[PDB]
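Each chain, letter by letter, is given below.
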Amino acid sequence: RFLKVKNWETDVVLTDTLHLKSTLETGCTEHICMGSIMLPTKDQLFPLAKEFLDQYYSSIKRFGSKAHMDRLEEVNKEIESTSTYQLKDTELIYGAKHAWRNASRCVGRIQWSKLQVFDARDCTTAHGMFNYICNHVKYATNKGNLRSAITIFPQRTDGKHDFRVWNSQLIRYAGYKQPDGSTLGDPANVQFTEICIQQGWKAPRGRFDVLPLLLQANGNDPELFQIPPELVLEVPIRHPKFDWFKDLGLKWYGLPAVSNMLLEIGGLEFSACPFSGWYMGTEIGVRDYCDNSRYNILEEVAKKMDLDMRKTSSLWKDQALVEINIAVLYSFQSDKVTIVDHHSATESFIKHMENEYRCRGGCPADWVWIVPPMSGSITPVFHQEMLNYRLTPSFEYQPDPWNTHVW
Amino acid sequence: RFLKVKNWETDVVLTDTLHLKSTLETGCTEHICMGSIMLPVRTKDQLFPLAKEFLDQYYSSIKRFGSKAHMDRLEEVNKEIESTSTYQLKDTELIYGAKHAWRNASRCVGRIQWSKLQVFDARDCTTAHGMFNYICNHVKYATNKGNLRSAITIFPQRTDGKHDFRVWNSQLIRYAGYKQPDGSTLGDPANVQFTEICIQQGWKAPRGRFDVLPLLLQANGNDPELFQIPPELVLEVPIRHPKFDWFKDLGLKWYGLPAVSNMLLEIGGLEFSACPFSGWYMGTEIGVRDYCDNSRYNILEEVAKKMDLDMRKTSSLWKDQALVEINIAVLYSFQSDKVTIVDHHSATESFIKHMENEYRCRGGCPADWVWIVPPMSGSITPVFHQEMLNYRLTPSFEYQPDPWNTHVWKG
Ligand code: HEM
Ligand code: HEM
Ligand SMILES: Nc1ccc2ccc(CNCCc3cccc(F)c3)cc2n1
Ligand SMILES: Nc1ccc2ccc(CNCCc3cccc(F)c3)cc2n1
Ligand SMILES: C[C@H](O)[C@H](O)[C@H]1CNc2nc(N)[nH]c(=O)c2N1
Ligand SMILES: C[C@H](O)[C@H](O)[C@H]1CNc2nc(N)[nH]c(=O)c2N1
Ligand SMILES: [Zn+2]
């Protein structure tokens, strides 16, 4: 019931109690671990509201005060009367920060209390959503000095009036299947790109076309908008030693802004809650650039480096991988766009875990996601035991809107 | 019930039914995943079902399930249990059990090889000198002058838990570690405690950076005894780099034979507390973990110094750069000296083919992603992208407490 995690590099042992608060389920049982699987009414709502308000009033050292009891009463009356309820601004801010705090898959959570929350609950139309989103983009981008932010659209009601951003990130590149056989642009986004085209976007059909936003207000049919190009900060990718690197024609965008997740606070569901922080270098250089199913550029880079691609045991992939990642970091830094390397980010996270154990009694963490996709055991998180469990408020996955939406 | 796993690179979906045969527990619950936790005297009562289930599996594998030989064997084991309180495995069943413990080892990336395992039956062994002789023969056989062959040597099973056979060493071949008065370590920091035990037992330590430890061998619950493996049996590879000529001057070498000796083999409820086994190295075990872990030889700084990388900011990726060079060096050295080694690309690719084969023919392959994914270049290996289900099948290899924590000293 009280659980120990050990760091095997430093022998530091932490004791977890926070897991006993855990409410939602993991996918695992006593008979089978699913640790590596990517995706494992009135009656229901009041317990969820109560649990949330309890922790909120606890956090401001007013647990069991008249202000606490009154609010519980007030929300209870509102649920009974209206079958839903509204969060005070203070509760919404607390809820959003805590959803990030509780994100077991996020290595950047040392930052969790510095999150700018944009309340867009008064939004009613897709043009309105576009306006809020451009404002988020500009605020978060901050000319390269990136700031963490979330923009929160109205909560689900009867679920036939959902707000959704159809995009997976606010800023992403299109992907096109070619008449010849290959893929141009980002292969991850072929189906979304097609939806845009079918809805009427005219694609310039290049390798790096910033997708248009596809915005759905109030359960309505989604609409297209182009983010003003001037709000999209992009970085040309060069290498501090290899002059030929620039000729590869690689660029990436500065702002990682995830827009397809669902924020759950006190039982309320925010189906449109685009949020943004800043990149860890490996996301672009290892995953975006080198996944065989992504831009998949390892082959081309190795050639330019004139490496022995005959045998896997020359480690040519590994050599080229490192160079690509040096170049990503160098390019962002040269252009003064916030980026974090995997050594710095994981070291920060170890510190954050220690803070959380010390101040909160634990920190849910998913080792499979937290350890970087390159150089795992030379980062301290590799050697850190982690306990994974589900706390609310939370960010959750939801099915892509096009499989759900009734036109 | 059917469970699906997806590969997110290929979209290949596999269906697992084998998990239904799993009895032992994982550590996980519906409320907590313990997937990254490193480590998460039987009565007659508990013994007969364990024996029965095992013999049922054995007889099925030989297509003799429910045969007269199957039934007579169950009856003979049952009578032997309630009379003698334990039972002896036939040679065929021992071989089958040792292979399956390997097949079932969810943290093992090299399991494509599981059916090629040389089993040495050392159950007639009685003394530590006897153990030493078995172990030397194992080493010489497995080494095969660089053309490594997988093998296991199986000493007598646990009886009352007071007469255990144990190899105190964690691997048959491993380098000594010496904690210095100034707090620095000479040799391998992983083996300081064990090195101290050996010294106390009377080993004369050469005190260098790569001293092969003596064997500390326990037979029949007696105090363990020290023995030196003949040096001519210990194959070693000096480490050099194909392009960097100063690399040799780092003074590095490693041994060819990885031979884990501190695990417990469980077959049909029987416990084999001394069952040293050996395969061959995946290059990252030495080049990533043994050489570059901060708590091990920790050579990253000196290597990057010599490469003259920019070391003032971690964002130069000097560590990642030095890591790749060291790992190229390890593979190059082993290949050049004709000692078996596998790189992490080849090994993970083979594992994926093994796993798909196992799903088709066996209905599953239990696998621990946390261990299967290599400790460098994780996502450019196919296993990173592969969903895996971790569950526990028997026969199995299990951890056991270090023997110095539990041994009752005779004196
Ligand atoms: C401030 C800089 C931040 C850094 C460096 C960072 C780092 C990361 C990284 C590297 C991932 C893994 C994503 C992947 O591999 O696809 C991740 C996951 C995640 N982070 Fe962050 N994070 C940051 C800010 C944020 C913010 C502001 C939020 C929300 C308010 C957040 C919530 C999440 C969530 C929910 C996941 C899991 C996503 C999923 O399951 O697909 N993070 N974080
Ligand atoms: C034949 C070549 C083999 C290769 C390349 C190989 C590869 C590996 C590697 C790289 C590990 C992880 C080691 C670590 O990080 O500590 C491992 C784990 C393991 N392998 Fe193998 N393996 C081989 C043969 C064997 C053999 C012969 C056995 C036993 C008969 C075996 C049973 C295991 C077990 C039980 C583990 C888990 C160890 C633990 O939990 O500490 N493997 N394998
Ligand atoms: N730098 C950051 C910060 C927060 C992030 C939050 C989310 C993400 C992207 N996560 C998507 C992972 C994913 C990919 C493909 C399928 C899937 F189910 C899930 C990236 C982030 N990067
Ligand atoms: N090449 C091989 C083959 C089989 C192996 C079997 C076991 C191992 C070593 N595993 C050590 C695991 C370990 C290290 C430190 C603490 C701990 F609890 C467990 C290495 C192997 N290498
Ligand atoms: C199958 C496996 O769970 C999958 O490839 C995971 C592994 N770890 C990951 N870790 C992070 N941060 N991001 C990912 O997309 C993944 N993918
Ligand atoms: C805490 C964590 O579980 C631990 O460091 C593990 C991670 N994965 C590993 N994987 C392998 N193959 N070997 C190891 O020693 C480890 N160590
Ligand atoms: Zn689990």
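Structural notes, computed from the coordinates. (Residues numbered from 1 in each chain as written, not as in the entry; some residues may be left out. Chains lettered and ligands numbered in written order. Heavy atoms only, no water.)

A closer look at the sheet that holds strand β5 (residues 166–167) of chain B
All names here are of chain B.
- Pairing within the open sheet is antiparallel, and its three strands lie in the order β5-β8-β9. Of all the strands in the sheet, just β5 and β9 (225–227) have a single pairing partner and so form its edges.
- The strands that helix α4 (residues 128–143) touches are β5, β8 (215–218) and β9; relative to β8, the one it contacts most, it runs at about 130°. (Pairing = 2+ DSSP bridges. Helix = DSSP H or I, 4+ residues; strand = E, 2+ residues; numbered from the N terminus. Contact = heavy atoms within 4.5 Å. Axes fitted to C-alpha atoms, helices over the stretch in contact; angles between N-to-C directions.)

Details of the coordination of the zinc ion (ligand 7)
- Here the zinc ion (ligand 7) is held by the protein donor atoms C28(A) (SG), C33(A) (SG), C28(B) (SG) and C33(B) (SG), which lie 2.3 to 2.4 Å from it.
- Because the angles between the four donor atoms bound to the zinc ion (ligand 7) fall within 99 to 121°, the donor set is best described as tetrahedral. Remark: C33(B) occurs in the loop between β2 (13–16) and α1 (44–61) and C33(A) occurs in the loop between β2 (13–16) and α1 (42–59); the pair is interchain, linking two chains. The pair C33(A) / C33(B) is uniform in exposure class, with both members buried. (Donors = N, O, S within 2.8 Å, 3.2 Å for Na, K, Ca; no water. Tetrahedral: all angles 85-135°; square planar, octahedral: opposite > 155°, others 65-115°. Buried < 20%, exposed > 50% of the residue type's maximum accessible area, 1.4 Å probe, protein only.)

Some thoughts on the site of ligand 3
Residue and element names in this part refer to chain A.
- Ligand 3 sits among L39, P256, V258, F275, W278, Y279, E283 and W369.
- The contact in question runs from a nitrogen atom of ligand 3 to an N or O atom on the backbone of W278, over 2.8 Å.
- A distance of 2.6 Å separates a nitrogen atom of ligand 3 from a polar side-chain atom of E283.
- Calculation on ligand 3 without its partners gives an accessible area of 520 Å², and the protein chains cover 59% of this total. (Near = heavy atom within 4 Å. Polar contact = N/O pair within 3.5 Å; in protein donor to acceptor, adjacent residues only side chain to side chain. Areas by Shrake-Rupley, 256 points an atom, 1.4 Å probe, with all protein chains shown as cover.)

As for the site of ligand 6
- Every residue near ligand 6 is listed here: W367(A), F382(A), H383(A), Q384(A), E385(A), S36(B), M38(B), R289(B), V370(B) and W371(B).
- Near ligand 6, the surrounding residues are drawn from chains A and B.
- Backbone polar atom of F382(A) to an oxygen atom of ligand 6: 2.8 Å apart, as the coordinates give it.
- Residue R289(B) places a side-chain N or O atom 3.1 Å away from an oxygen atom belonging to ligand 6.
- If ligand 6 stood free it would expose 400 Å²; the protein chains cover 85% of that surface.
- The residue inventory of the shell around ligand 6, partitioned by class, reads five nonpolar, three polar and two charged. (Nonpolar A, V, L, I, M, F, W, Y, C, P; charged D, E, K, R; others polar.)

Points about the interface of chain A and chain B
- The partner chain B presents 63 residues to the 63 residues of chain A that form the contact.
- Summed over both partners, the interface of chain A with chain B buries about 5,300 Å², with 61% contributed by carbon and sulfur atoms.
- Seen at the junction of chain A and chain B, the total is zero salt bridges.
- Viewed at the interface, chain B and chain A are joined by 29 residue pairs in polar contact.
- Contributing elements (two or more residues each) for the side of chain A that touches chain B: β1 (3–6), α6 (281–290), α8 (316–334), α9 (342–360) and α10 (367–370) of chain A.
- The element that contributes the greatest number of residues to the side of chain A that touches chain B is α8(A), accounting for ten residues. (Buried area = accessible area lost by both parts, 1.4 Å probe. Salt bridge = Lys/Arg side-chain N within 4 Å of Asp/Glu carboxyl O.)

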